[PDB]
C-alpha cells in the first residue's frame, strides 16, 4: 500500500499519491482536489473541510481555521498575540501553550494547534483511503521553508495524532521543485524562484539545485497577504453597492458579510478564466435578495496595489540570494492565487517575458511533490537507469 504526500496548508490542504507511474491529486467526496483547513464543532458533530467551511456563517465562534499560524508557538509569542485579534474563535493559555477553545456537544472543549491540524490530516488521510480502497499510514507532509524545529516537530506530532507515520517533513517550495522534476537535472547548479501566493500567505523562495541537492538561498514574502485579501477588496465594493441601492448597511451583520465573502471568492475564481462573473445571494440582509455582476477589470483595479506589491519580495529575495533576475533558471507558480492572469502577467513582465512553470495546477504542486517524495522514501520509485 502506497505512501501519500500531504500539503497541510494555512487555508487549504491537498493530498496526492504516486501509483502506476503517475501522481494522482486526489479529489475528496465532494469532488474537490483541495480541501479547506477548517474544523467546525457543533451540537451534534465535528465537521472537517468543505462541510466545515460551508457553515462558517451560522457557526463562527466554533469553527476553527488558521491553526497553522499557532502550531509550534508559545502563547506569549508576539505573532500569536497579534494574530488573535483576527479570529472569531477563542485562544487560551495552557501553561505557556496556546489552545483553541470551542463549544462542542454542549460542552466547553479546548485543543492544541497540533490536535486541530491532526483533524485536517485525518480528513486528508480518509480522502486518500477512499480513492485507494485501503488504509494509509505513511506520509510525507510539507511545511514553509521558514518553519523552525518547534513548528516542524509540532507538524510531525499532528501526523502522529492523525494515525500517520511521517516519513519526512519537507519544505513547500522544495516540494514544488520536485513536482517539476527540477532535482533530476545534472551539470552546473541552477537557480529556482518559487512564487507562492496562497489563501493567507505569500512566499518567495530562491533555491539552488545541483545534482539533486537543495539549498534554500533566501526567503521573502508576507505572512498576511493572500487570496482572502482579494476577497475582502470585493466585499467592501459590494457593501457599498448594497447600501446605495437599498438604504441599508450590512457591515455590522456578521452573517451577511460572511455570506457575501463566500460569493466573492467564487466570483474571483471565475474571473481567472472569464472576463466577468455574476453573484446571486438569496435574502442577504433583512429580506433583500442581492444580485450583481463584476468584471475582471474591476476586480484587478480593486486589488491593484496588492498585486504589483508582490514584486517587492521578489526583489528582496533576489538581493538576499545575491542574484540578478537574469540568473534565475526556472520560475515556478505555486498557490491558488497564482491562477490570477494579472499576477502571472506582472511576474512574467518583471522577468522580461521569460516563460513561467505553471503546467501543474499551482494549488496542487506542493502535494504533487510530496507524493513523489513519499514514493521515493518508501522504496516505491527506484531509478534503475537504462
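Numbering follows the first chain given and starts at 1.
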query: Entry-reported Cα temperature factor of residue 356, expressed as the chain third it lands in; finding: highest
query: Position of residue 378 among the chain's modelled residues by C-alpha B-factor, lowest, middle or highest third; finding: highest
query: Ranked against its chain, the third holding the CA B-factor of residue 52; finding: lowest
query: Third assignment of residue 71 from its chain's C-alpha B-factors; finding: lowest
query: Ranked against its chain, the third holding the CA B-factor of residue 89; finding: highest
